[PDB]
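Novice: Attaching a single structure in structure tokens format; questions to follow.
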Amino acid sequence: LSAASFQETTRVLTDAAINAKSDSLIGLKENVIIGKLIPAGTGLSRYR
Amino acid sequence: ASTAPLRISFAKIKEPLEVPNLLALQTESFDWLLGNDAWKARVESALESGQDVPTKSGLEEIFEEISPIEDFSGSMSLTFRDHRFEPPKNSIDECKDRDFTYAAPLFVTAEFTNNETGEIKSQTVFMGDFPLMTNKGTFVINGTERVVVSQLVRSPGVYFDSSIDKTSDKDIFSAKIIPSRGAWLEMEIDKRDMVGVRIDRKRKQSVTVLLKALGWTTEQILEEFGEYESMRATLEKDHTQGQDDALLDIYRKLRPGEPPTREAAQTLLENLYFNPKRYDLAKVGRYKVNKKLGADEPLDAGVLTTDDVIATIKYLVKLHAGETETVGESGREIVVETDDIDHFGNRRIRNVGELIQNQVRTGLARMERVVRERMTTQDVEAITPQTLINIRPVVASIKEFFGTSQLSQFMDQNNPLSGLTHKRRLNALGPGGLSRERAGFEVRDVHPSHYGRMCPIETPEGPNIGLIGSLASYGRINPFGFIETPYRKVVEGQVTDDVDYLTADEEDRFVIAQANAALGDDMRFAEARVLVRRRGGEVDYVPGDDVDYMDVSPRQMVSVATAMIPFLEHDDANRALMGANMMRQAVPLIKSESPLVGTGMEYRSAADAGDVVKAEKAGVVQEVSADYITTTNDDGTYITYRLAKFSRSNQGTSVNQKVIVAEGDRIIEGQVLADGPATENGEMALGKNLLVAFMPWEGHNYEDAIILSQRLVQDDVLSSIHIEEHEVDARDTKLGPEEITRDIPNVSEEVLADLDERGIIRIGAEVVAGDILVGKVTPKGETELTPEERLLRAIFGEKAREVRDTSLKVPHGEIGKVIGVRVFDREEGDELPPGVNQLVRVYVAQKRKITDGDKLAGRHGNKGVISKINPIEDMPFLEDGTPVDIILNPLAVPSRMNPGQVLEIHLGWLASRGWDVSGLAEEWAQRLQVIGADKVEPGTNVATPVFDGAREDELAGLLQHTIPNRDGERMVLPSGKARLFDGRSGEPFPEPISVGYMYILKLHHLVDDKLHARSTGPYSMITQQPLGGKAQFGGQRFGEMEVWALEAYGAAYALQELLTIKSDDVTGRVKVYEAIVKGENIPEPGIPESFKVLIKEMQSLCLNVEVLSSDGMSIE
Amino acid sequence: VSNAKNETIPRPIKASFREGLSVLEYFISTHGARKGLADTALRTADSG
Amino acid sequence: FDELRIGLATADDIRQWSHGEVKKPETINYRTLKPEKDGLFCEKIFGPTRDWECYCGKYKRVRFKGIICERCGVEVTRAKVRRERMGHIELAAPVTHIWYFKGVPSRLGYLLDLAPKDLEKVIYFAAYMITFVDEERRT
Amino acid sequence: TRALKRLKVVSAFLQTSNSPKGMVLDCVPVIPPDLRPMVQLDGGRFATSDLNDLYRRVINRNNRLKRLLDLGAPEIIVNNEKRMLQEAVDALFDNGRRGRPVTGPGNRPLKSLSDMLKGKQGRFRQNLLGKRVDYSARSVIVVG
Amino acid sequence: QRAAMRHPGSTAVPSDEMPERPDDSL
DNA sequence: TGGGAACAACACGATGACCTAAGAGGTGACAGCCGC
DNA sequence: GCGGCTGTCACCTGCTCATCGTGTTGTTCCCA
Ligand SMILES: [Zn+2]
């Protein structure tokens, strides 16, 4: 998700489809795409 | 003329040439287009004086272009001939009010002939209503005024470029022949010492191939190219031999997947580069290639011949060989050298006449195509010139240009100067020219040839720096499209009034002095060293007899708007550029006063614009109301000038006009009878003179902010009138017709109490947000008419009205008084677009007083928002008690490096308190009395020429002799400073302050428009997100940089709330509002709809994108 | 000042703004101003 | 929302997503401004254009909820389904995906060793290619 | 180097269950209509998404191919139609990769389904990272 | 040509349906 | 509701035969194709 | 089999609107 968001969306998504590689929610960018509390600041599970 | 108001000028030298018409560049060009009587007068006048003029009008030769047209066999033919114009159906004001185009019918004599029979049949054909330009230079289209801005383009011709292969560190040369309309042939050398042609931007081939694709053979090639290694090497590398194989291989490379044939290749070559129809190297291009390659007098309306290509080869290979001079192919002695792309021989101006010529050419080409279709499809003996001509292509082409082109755009009617300088631009970004990103640097940078032709200083402050420019004050567009500037012929070192107009290329062969060069009673030069601007932008003094030309004026280089600025040489070019840019955003004010200190340029700038009502002929004034001026001419006629009163502009200002003459005055032709907005006595007045003291003040004018007294609010010094139109249309939907009815469904009596019997609001009424400007009702709404509702209504016995209330209402945040109403209808003769029955345009006017938030500025880029408005007592005051009007921080002046506003301030104070320096026998006084500015009554307006202005010493000396007010009181000391008092404590300030009068402009950046707010409103279609734009009540783009900021803070919940609840979460958007209005916790966010559309989109791209849980499929 | 094509004019501007630049002095001085304005315009996006 | 994966979309997967087949190259009637049938913007395969309505009008009444109409084939439910409901089209001649082939080199396939020009020729019906040889029987 | 480059893709397909047969398409899915809407513009006009034009092209050529197959047309005609259908789906997925782009109303290129994901204005970089928001305002700034 | 000239209103411009046309239900 | 007339559908296939203009980006990274 | 170079893929940036080729059928209107 983060790599597709940054650059080379076609190449990144094609490689991800070939590899059948899944994305885990962990990350900042890829957690603002889905619209979730970022894993930083006060959004950490400790503070949640 | 001699009737201009009084203004005292400090000029020490006399310019022998006055600034020509500031709109000649447009009106003369369009006179050439139509070829009307003014253009014929110009042609004969130029011929008498032995100048260079275009003897062939624009449309004449355009009809000549499409003159001969025949069918396959040419059994019949159609030709066009003398064209002429019928007077316009409507006048300019009629067009403006009734939403028409100011156009004149165009009629030509189209002749049809059957060559086999020899019959000829003539018939006059309606070629359409050609739009005309107003006297100003604007065009009226569809009810609105528009300007067609001239385009700065690369001129057609042959360009010889050079560069360096950086990997190999090797010289490379290139040649390129540009046509007006055809295609290019890029020819590169020295790649491997191998010359290669590139036809139509295809893959490159050796020269010898293409040169063999014509009559030239190997023996002759070696005969007249027997000295240069590169092309011998290419010939050795050449494999194809003979002509026919050459045509076949060029056909193969240009046109793959096609049978190689001699006929096809010959036809392709002839059609592409040697056909007078497809390929056009116009007289501009013909002249450029004749002068560069030295080719002597080819067909002046010709296309590239063999000789042109062989001459390009000779020139390029001689560039390779290191030759610098030679004899051009069949001509004179040329110099072998590489040329630039920014120089003003390699750039030209496509004016409005030539632009409309190009568009008419396309329209006539499509008309010719349809005529050919009807010529071959139909039969003789029933064909007349009308029978096969379809003029709709031409009409639609002209409408395409005047409605969609980037070079034809709405007039900037902020004030007379903005409109005037909109009509002197030399645009580059547009069709047939550069682009925003393609443009590099050397185009965006001022060239030594820009001097006197393009303005260095006036330029946009954004992406368009260097692209959009402005013609200099003395620029003259040549026939070919190059700019020319005047120069006095310095003959054996003695100056003369013989002015010659030179272009950049003829300018780069002469030595040019300066207008301010010292000169004696006899015109011979005084000092031995006379500085001169020599070729290549190389200033280098010479003896004087050596000198050959001199600048006609010391403000020849500057434009009009930048010439407004007094003391321009005391400012860095950055702030002069900003000031000239922002002077165009000045709102016009109710009462306008020309600047107390200004240039000798407001009068001519306002007179050569079109907002100042002038006198057509001498006479005497008869009747002077506010609305009209009737004058009895000396030739026995009468003229009644109707004056515009509070008419909305393109930008929402007012074009109120005020009379200048009383009912006994003897008029002369050209004299000003009324003044337009932002004008006083026919002199531009974009702002007002305010008394300013340079000082910090309690941190209110900190960081460029501004403080001004409440006097300017009471007196309405900086007030304006702004008009807003609210147009509404009554449609005819499927369920019936819409009607403008006063009886709006289910409303209280007070809302429509201020509505006319016909449903429209009453003129003069004052309106607030939510007021029904125009009452309208939908015929009905298919909301609830299902069988259930039908049964309910049948049992009720009352057929509840199903009409929708679509009443026009004032947009939220606007107020004013209804200044006007206009109603167009279908039942009457008023035209309307298909579908609309009625069109109601209501004008609401409002008065804006200067408030905290507005933006003021001066003529030196010294702009700042308004932070505080003080009571008149709180503001510092001088000794006799007068408060100052505005307070400006002195920090900005040296740091921003514009120490011309202080000079303006000093001269403004000096002019307000007039001086008397007659007979002092001092140098400054001696200069001022020989000029004639020694004695000046208080309040007199002074002129500061932009390079011959007041001296610093004179300002200081005069300050000592400023007529006193109370006894000998001269509040301002020779130091330029006065002793002030603290209006909030009363104690005198510790040190003197610098005070005086400066011209402050109110800019069109108005605080009311910018204030944009939102809680909920219109979302977008694909993404369920708030929409943009203020009029949509939009939201604020929370870019990704802001997401980074909130992530850096660690603000997790805030970012989640404002990425989902504040946008793009339908359920969240509804429930947050419900919880707040009812009062409850804001609900937890959900899944953005943007994510849903993303996954659906990339699913449609055939990617099995499934939101998976660790135990299965995670909730969508 | 920076001459055209990023060179150094041999003859300088022998006058401050208070004294008043000449015609050719101002025309030469605008080169660097234009160049700096364009440079800033591009460098904003470059840094972004 | 533990993870999000993407792979290749089979024919069966695409058929499983869809609810009907787009058969006509028609969007709406220019006159009556309504969806057509078995074309783009259709209402039988996608969702109803109006909340709680159907194409013909027998179930234009809002009372019905989730049933399938008996004449036009449009089920009665919310009108937002058109944002979510998908369709498919069955091709007659299979075609290659311009991403997985004729794309960036590292992702250009390479499962079948072939130069870009060879695939340019094969895919766009300009050259033949052998999919099978009976080498044992040939020998 | 070439061997390991190819081994990357071969191992990618080998290790995973997703078969390479998905790289050739026999069915094309259609994005839901509301994501590619057409709306009545005043004056009797219609503003429609480019995806509608591309879907129309592919359906046109698919139906013409089906007809040609039914009539038993010669090899040349069916080959030309199949090539055209290939190019149509190629334009549907990426308009600019091969050949000239399919322009829409003006000379500008049409929008491909993959052109809606990439670029500065794509979905990711214009609608999922940065959004216009509610409860927001702006105005000029003055010093207090 | 017949199919083109009849009611030529469908302009495939995504710069008005997405940005300028808002959702009817807000 | 009669004739008088406008659009949407259709079915065929008028002795003659080819585009059009527009069009100056720049800089990396790399893997092929062609040459040794 | 291993180089050059040579393209090709990434990034960086922004209101007008021109017709055929004939002839016929059926519905759907417009008038009365
Ligand atoms: Zn139904």
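Ordered as shown in the structure tokens, chains take letters A, B, and onward, while each chain numbers its residues from 1 and ligands are numbered from 1 in the order shown.
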Residues at most 12 Å from ligand 1, using only C-alpha atoms (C1' of nucleotides) and all ligand atoms? Could they come as a PyMOL selection string?

Specialist: chain D and resi 43-44+48+52-61+64+67-76

Novice: Keeping only C-alpha atoms, take the residues you just selected and write them out as a short mmCIF file (atom, residue, chain, number, x, y, z; two decimals), in the first residue's frame.

Specialist:
data_model
loop_
_atom_site.label_atom_id
_atom_site.label_comp_id
_atom_site.auth_asym_id
_atom_site.auth_seq_id
_atom_site.Cartn_x
_atom_site.Cartn_y
_atom_site.Cartn_z
CA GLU D 43 -30.54 -1.22 -14.00
CA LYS D 44 -31.07 -4.99 -14.14
CA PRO D 48 -31.99 0.66 -9.04
CA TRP D 52 -36.97 1.67 -3.61
CA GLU D 53 -38.00 1.54 -7.28
CA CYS D 54 -37.75 -0.71 -10.33
CA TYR D 55 -37.39 -0.10 -14.05
CA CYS D 56 -40.89 -0.91 -15.29
CA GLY D 57 -42.81 0.58 -12.36
CA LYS D 58 -44.83 -2.34 -10.98
CA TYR D 59 -42.81 -2.01 -7.75
CA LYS D 60 -42.20 1.74 -7.93
CA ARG D 61 -44.13 1.82 -4.64
CA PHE D 64 -41.62 -3.33 -1.17
CA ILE D 67 -37.95 -8.48 -3.61
CA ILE D 68 -37.19 -9.09 -7.29
CA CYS D 69 -39.56 -7.66 -9.88
CA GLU D 70 -41.28 -10.06 -12.27
CA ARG D 71 -41.13 -8.06 -15.54
CA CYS D 72 -37.95 -5.96 -15.75
CA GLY D 73 -35.70 -7.90 -13.37
CA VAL D 74 -34.73 -5.05 -11.02
CA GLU D 75 -34.80 -5.80 -7.30
CA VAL D 76 -36.25 -3.22 -4.92
#

Novice: Using only C-alpha atoms and a cut-off of 12 Å, which residues of chain F sit close to chain D? Please list them as a list in words.

Specialist: residues 6, 7, 8, 9, 10, 23, 24 and 25 of chain F

Novice: Can you pull out the residues contacting residue H:22? Cut-off 12 Å, using only C-alpha atoms (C1' of nucleotides), and skip same-chain residues under 3 positions away; I want them as a PyMOL selection string.

Specialist: chain G and resi 11-14

Novice: Kindly export the residues of the current selection with N, CA, C and O atoms (P, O5', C5', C4', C3', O3' and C1' of nucleotides), as an mmCIF file, in the first residue's frame.

Specialist:
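File written: out_23.cif
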data_model
loop_
_atom_site.group_PDB
_atom_site.id
_atom_site.type_symbol
_atom_site.label_atom_id
_atom_site.label_comp_id
_atom_site.auth_asym_id
_atom_site.auth_seq_id
_atom_site.Cartn_x
_atom_site.Cartn_y
_atom_site.Cartn_z
ATOM 1 P P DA G 11 -33.753 -4.282 -40.626
ATOM 2 O "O5'" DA G 11 -33.982 -4.155 -42.200
ATOM 3 C "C5'" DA G 11 -32.926 -4.458 -43.095
ATOM 4 C "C4'" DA G 11 -33.149 -3.792 -44.437
ATOM 5 C "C3'" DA G 11 -32.104 -4.134 -45.498
ATOM 6 O "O3'" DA G 11 -32.739 -4.629 -46.668
ATOM 7 C "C1'" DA G 11 -32.376 -1.770 -45.325
ATOM 8 P P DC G 12 -31.930 -5.561 -47.691
ATOM 9 O "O5'" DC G 12 -30.648 -4.681 -48.052
ATOM 10 C "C5'" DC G 12 -30.140 -4.658 -49.372
ATOM 11 C "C4'" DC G 12 -30.047 -3.236 -49.882
ATOM 12 C "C3'" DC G 12 -28.804 -2.919 -50.719
ATOM 13 O "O3'" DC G 12 -29.151 -2.795 -52.094
ATOM 14 C "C1'" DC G 12 -29.372 -1.156 -49.192
ATOM 15 P P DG G 13 -28.113 -3.237 -53.237
ATOM 16 O "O5'" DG G 13 -26.967 -2.124 -53.167
ATOM 17 C "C5'" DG G 13 -27.260 -0.778 -53.514
ATOM 18 C "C4'" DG G 13 -26.202 0.167 -52.967
ATOM 19 C "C3'" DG G 13 -24.796 -0.070 -53.511
ATOM 20 O "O3'" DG G 13 -24.295 1.113 -54.121
ATOM 21 C "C1'" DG G 13 -24.825 -0.231 -51.083
ATOM 22 P P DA G 14 -24.221 1.225 -55.722
ATOM 23 O "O5'" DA G 14 -24.662 2.729 -56.026
ATOM 24 C "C5'" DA G 14 -25.642 2.982 -57.021
ATOM 25 C "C4'" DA G 14 -25.698 4.458 -57.377
ATOM 26 C "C3'" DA G 14 -24.376 5.076 -57.788
ATOM 27 O "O3'" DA G 14 -24.099 4.823 -59.171
ATOM 28 C "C1'" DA G 14 -25.645 6.558 -56.366
#

Novice: For stretch 14-17 of chain F, work out the shell of residues within 7 Å, counting only C-alpha atoms (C1' of nucleotides) and skipping chain neighbours fewer than 6 positions away, then give it as JSON, numbers by chain.

Specialist: {"E": [38, 39, 47, 48, 49, 50]}

Novice: Got a sec: who's within 7 Å of residue E:62, counting only C-alpha atoms (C1' of nucleotides), leaving out chain neighbours fewer than 3 positions off, as a VMD selection string?

Specialist: (chain D and resid 91 to 92) or (chain E and resid 58 to 59 65 to 66 85)

Novice: Which polymer residues have any atom within 12 Å of an atom of residue D:100, counting only C-alpha atoms (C1' of nucleotides), with same-chain residues fewer than 2 positions away left out, as a VMD selection string?

Specialist: (chain A and resid 10 to 18) or (chain B and resid 1101 to 1103) or (chain D and resid 7 to 9 95 to 98 102 to 111) or (chain E and resid 9 20 to 25 90 93 to 94)

Novice: Just write the chosen residues, C-alpha atoms, as a PDB file, in the first residue's frame.

Specialist:
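result32.pdb was written with the following content:
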ATOM      1  CA  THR A  10       1.364   0.304 -11.917  1.00  0.00           C
ATOM      2  CA  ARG A  11       4.689  -1.463 -11.355  1.00  0.00           C
ATOM      3  CA  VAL A  12       4.156  -1.803  -7.602  1.00  0.00           C
ATOM      4  CA  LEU A  13       0.631  -3.184  -7.929  1.00  0.00           C
ATOM      5  CA  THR A  14       1.643  -5.555 -10.729  1.00  0.00           C
ATOM      6  CA  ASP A  15       4.520  -6.958  -8.673  1.00  0.00           C
ATOM      7  CA  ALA A  16       2.265  -7.249  -5.625  1.00  0.00           C
ATOM      8  CA  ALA A  17      -0.311  -9.154  -7.682  1.00  0.00           C
ATOM      9  CA  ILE A  18       2.307 -11.510  -9.131  1.00  0.00           C
TER      10      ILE A  18
ATOM     11  CA  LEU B1101      -8.296  -3.591 -13.082  1.00  0.00           C
ATOM     12  CA  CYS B1102      -8.590  -7.366 -12.401  1.00  0.00           C
ATOM     13  CA  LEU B1103      -6.815  -7.496  -9.028  1.00  0.00           C
TER      14      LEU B1103
ATOM     15  CA  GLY D   7      -3.180 -11.440  -6.558  1.00  0.00           C
ATOM     16  CA  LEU D   8      -4.335 -12.347 -10.050  1.00  0.00           C
ATOM     17  CA  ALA D   9      -8.018 -12.166 -10.962  1.00  0.00           C
ATOM     18  CA  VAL D  95      -6.699 -11.032 -24.639  1.00  0.00           C
ATOM     19  CA  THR D  96      -3.605 -10.276 -22.573  1.00  0.00           C
ATOM     20  CA  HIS D  97      -3.444  -7.820 -19.686  1.00  0.00           C
ATOM     21  CA  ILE D  98      -1.367  -4.795 -20.719  1.00  0.00           C
ATOM     22  CA  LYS D 102       4.125  -5.372 -22.566  1.00  0.00           C
ATOM     23  CA  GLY D 103       4.987  -3.542 -19.341  1.00  0.00           C
ATOM     24  CA  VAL D 104       7.968  -2.768 -17.124  1.00  0.00           C
ATOM     25  CA  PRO D 105      10.788  -5.303 -17.777  1.00  0.00           C
ATOM     26  CA  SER D 106      11.041  -7.100 -14.427  1.00  0.00           C
ATOM     27  CA  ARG D 107       7.255  -7.629 -14.503  1.00  0.00           C
ATOM     28  CA  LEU D 108       7.112  -8.405 -18.244  1.00  0.00           C
ATOM     29  CA  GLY D 109       6.289 -12.048 -17.546  1.00  0.00           C
ATOM     30  CA  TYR D 110       9.463 -14.003 -18.380  1.00  0.00           C
ATOM     31  CA  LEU D 111       7.489 -17.144 -17.552  1.00  0.00           C
TER      32      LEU D 111
ATOM     33  CA  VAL E   9       9.067 -14.175 -11.620  1.00  0.00           C
ATOM     34  CA  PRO E  20      -0.215 -17.681 -14.302  1.00  0.00           C
ATOM     35  CA  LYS E  21      -3.350 -18.292 -16.398  1.00  0.00           C
ATOM     36  CA  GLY E  22      -4.793 -15.112 -14.883  1.00  0.00           C
ATOM     37  CA  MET E  23      -2.399 -13.176 -17.128  1.00  0.00           C
ATOM     38  CA  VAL E  24      -4.705 -13.771 -20.137  1.00  0.00           C
ATOM     39  CA  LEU E  25      -8.263 -12.469 -19.916  1.00  0.00           C
ATOM     40  CA  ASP E  90      -5.388  -2.293 -23.713  1.00  0.00           C
ATOM     41  CA  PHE E  93      -6.598  -0.657 -18.867  1.00  0.00           C
ATOM     42  CA  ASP E  94      -3.829   1.797 -19.867  1.00  0.00           C
TER      43      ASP E  94
END

Novice: For chain H, which residues have at least one atom within 10 Å of chain D, if we go by only C-alpha atoms (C1' of nucleotides)? Write them as a ChimeraX atom specification, please.

Specialist: /H:8-10

Novice: Would you save the residues from that selection as an mmCIF file, in the first residue's frame, using C-alpha atoms (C1' of nucleotides)?

Specialist:
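Contents of part.cif, as written:
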data_model
loop_
_atom_site.group_PDB
_atom_site.id
_atom_site.type_symbol
_atom_site.label_atom_id
_atom_site.label_comp_id
_atom_site.auth_asym_id
_atom_site.auth_seq_id
_atom_site.Cartn_x
_atom_site.Cartn_y
_atom_site.Cartn_z
ATOM 1 C "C1'" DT H 8 11.546 3.141 -22.997
ATOM 2 C "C1'" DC H 9 9.797 3.644 -18.379
ATOM 3 C "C1'" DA H 10 9.682 6.475 -13.989
#

Novice: Could you list, as a PyMOL selection string, every residue within 12 Å of residue H:19, counting only C-alpha atoms (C1' of nucleotides) and ignoring same-chain residues fewer than 3 positions away?

Specialist: (chain B and resi 370+373-374+390+392-393) or (chain F and resi 1-6)

Novice: Keeping only C-alpha atoms, write the selected residues as a PDB file, in the first residue's frame.

Specialist:
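Listing of part.pdb after writing:
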ATOM      1  CA  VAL B 370     -17.467  20.669 -48.181  1.00  0.00           C
ATOM      2  CA  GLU B 373     -17.734  17.218 -51.739  1.00  0.00           C
ATOM      3  CA  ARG B 374     -20.757  18.978 -53.247  1.00  0.00           C
ATOM      4  CA  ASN B 390     -21.738  25.963 -46.641  1.00  0.00           C
ATOM      5  CA  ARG B 392     -21.319  27.160 -41.141  1.00  0.00           C
ATOM      6  CA  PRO B 393     -17.665  25.999 -40.839  1.00  0.00           C
TER       7      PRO B 393
ATOM      8  CA  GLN F   1     -22.198  11.198 -39.215  1.00  0.00           C
ATOM      9  CA  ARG F   2     -25.921  10.615 -38.626  1.00  0.00           C
ATOM     10  CA  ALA F   3     -25.207   9.044 -35.247  1.00  0.00           C
ATOM     11  CA  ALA F   4     -22.778  11.852 -34.365  1.00  0.00           C
ATOM     12  CA  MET F   5     -24.721  14.999 -35.285  1.00  0.00           C
ATOM     13  CA  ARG F   6     -27.901  13.848 -33.506  1.00  0.00           C
TER      14      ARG F   6
END

Novice: Which chain B residues are at most 10 Å from chain H (counting only C-alpha atoms (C1' of nucleotides)), as a compact mmCIF listing (two decimals) with C-alpha atoms, in the first residue's frame?

Specialist:
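Written out: iface-v3.txt:
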# COMPACT_ATOMS: atom_id res chain seq x y z
CA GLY B 363 -12.79 27.77 -41.49
CA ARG B 366 -13.30 23.22 -44.12
CA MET B 367 -15.71 25.18 -46.34
CA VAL B 370 -17.47 20.67 -48.18
CA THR B 377 -21.41 14.70 -55.70
CA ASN B 390 -21.74 25.96 -46.64
CA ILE B 391 -20.53 28.86 -44.47
CA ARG B 392 -21.32 27.16 -41.14
CA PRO B 393 -17.67 26.00 -40.84
CA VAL B 394 -16.47 29.62 -40.96
CA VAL B 395 -19.02 30.86 -38.42
CA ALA B 396 -18.23 28.01 -36.03
CA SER B 397 -14.49 28.59 -36.47
CA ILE B 398 -14.73 32.26 -35.50
CA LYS B 399 -16.99 31.35 -32.58
CA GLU B 400 -14.48 28.67 -31.54
CA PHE B 401 -11.70 31.25 -31.45
CA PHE B 402 -13.69 33.95 -29.64
CA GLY B 403 -15.16 31.50 -27.10
CA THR B 404 -12.53 28.83 -26.41
CA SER B 405 -9.03 30.07 -27.32
CA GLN B 406 -6.58 30.92 -24.54
CA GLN B 409 -10.13 36.09 -22.85
CA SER B 435 3.84 25.91 -22.45
CA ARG B 436 4.20 26.29 -18.69
CA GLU B 437 6.55 23.34 -18.14
CA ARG B 438 8.26 23.18 -21.54
CA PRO B 463 4.37 30.29 -13.01

Novice: Mind dumping a table of every chain G residue within 12 Å of chain E, with the nearest atom pair and its distance in Å to one decimal, using only C-alpha atoms (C1' of nucleotides), sorted by chain and rising number, as a Markdown table?

Specialist:
| residue | atom | partner | partner_atom | distance |
| --- | --- | --- | --- | --- |
| G:21 | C1' | E:107 | CA | 11.8 |
| G:22 | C1' | E:107 | CA | 9.8 |
| G:31 | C1' | E:2 | CA | 9.7 |
| G:32 | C1' | E:2 | CA | 11.2 |

Novice: Determine which residues of chain C receive a DSSP assignment of alpha helix (DSSP H), computed from the backbone, and state them as a list in words.

Specialist: residues 23, 24, 25, 26, 27, 28, 29, 30, 31, 32, 33, 34, 35, 36, 37, 38, 39, 40, 41, 42, 43, 44, 45, 46 and 47 of chain C

Novice: For the residues in the current selection, export C-alpha atoms as a PDB file, in the first residue's frame.

Specialist:
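File written: out31.pdb
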ATOM      1  CA  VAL C  23      18.671  53.449 -17.755  1.00  0.00           C
ATOM      2  CA  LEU C  24      21.216  50.824 -18.795  1.00  0.00           C
ATOM      3  CA  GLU C  25      22.081  50.172 -15.150  1.00  0.00           C
ATOM      4  CA  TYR C  26      18.448  49.317 -14.382  1.00  0.00           C
ATOM      5  CA  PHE C  27      18.110  47.207 -17.532  1.00  0.00           C
ATOM      6  CA  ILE C  28      21.214  45.243 -16.544  1.00  0.00           C
ATOM      7  CA  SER C  29      20.059  44.909 -12.933  1.00  0.00           C
ATOM      8  CA  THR C  30      16.712  43.313 -13.826  1.00  0.00           C
ATOM      9  CA  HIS C  31      18.491  40.181 -15.154  1.00  0.00           C
ATOM     10  CA  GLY C  32      19.334  38.819 -11.718  1.00  0.00           C
ATOM     11  CA  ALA C  33      15.947  39.798 -10.310  1.00  0.00           C
ATOM     12  CA  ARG C  34      14.106  37.787 -12.956  1.00  0.00           C
ATOM     13  CA  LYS C  35      16.498  34.869 -12.566  1.00  0.00           C
ATOM     14  CA  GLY C  36      16.049  34.792  -8.793  1.00  0.00           C
ATOM     15  CA  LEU C  37      12.266  34.953  -9.061  1.00  0.00           C
ATOM     16  CA  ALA C  38      12.197  31.997 -11.456  1.00  0.00           C
ATOM     17  CA  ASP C  39      14.696  30.103  -9.293  1.00  0.00           C
ATOM     18  CA  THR C  40      12.521  30.510  -6.204  1.00  0.00           C
ATOM     19  CA  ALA C  41       9.412  29.465  -8.132  1.00  0.00           C
ATOM     20  CA  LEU C  42      11.063  26.205  -9.208  1.00  0.00           C
ATOM     21  CA  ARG C  43      12.875  25.510  -5.929  1.00  0.00           C
ATOM     22  CA  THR C  44       9.603  25.515  -3.985  1.00  0.00           C
ATOM     23  CA  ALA C  45       8.429  22.437  -5.900  1.00  0.00           C
ATOM     24  CA  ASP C  46      11.931  20.943  -5.846  1.00  0.00           C
ATOM     25  CA  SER C  47      12.053  21.092  -2.044  1.00  0.00           C
TER      26      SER C  47
END

Novice: Kindly provide, as a PyMOL selection string, the residues of chain G having any atom no farther than 10 Å from an atom of chain B, counting only C-alpha atoms (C1' of nucleotides).

Specialist: chain G and resi 14+16-18+20-26

Novice: If the cut-off is 6 Å, can you tell me the residues of chain A near chain B, counting only C-alpha atoms? I'd like them as a short mmCIF file (atom, residue, chain, number, x, y, z; two decimals) with N, CA and C atoms, in the first residue's frame.

Specialist:
data_model
loop_
_atom_site.label_atom_id
_atom_site.label_comp_id
_atom_site.auth_asym_id
_atom_site.auth_seq_id
_atom_site.Cartn_x
_atom_site.Cartn_y
_atom_site.Cartn_z
N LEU A 37 -6.41 4.70 13.35
CA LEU A 37 -5.48 5.35 14.26
C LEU A 37 -4.06 4.95 13.92
N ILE A 38 -3.21 5.95 13.68
CA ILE A 38 -1.83 5.68 13.25
C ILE A 38 -1.10 4.98 14.39
N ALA A 40 1.40 5.64 16.10
CA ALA A 40 2.32 6.64 16.60
C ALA A 40 1.56 7.59 17.52
N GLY A 41 2.30 8.41 18.24
CA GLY A 41 1.68 9.38 19.12
C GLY A 41 0.81 8.70 20.16
N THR A 42 -0.41 9.21 20.31
CA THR A 42 -1.35 8.65 21.27
C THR A 42 -2.21 7.54 20.68
N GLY A 43 -2.00 7.17 19.42
CA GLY A 43 -2.73 6.08 18.82
C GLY A 43 -2.18 4.70 19.10
#
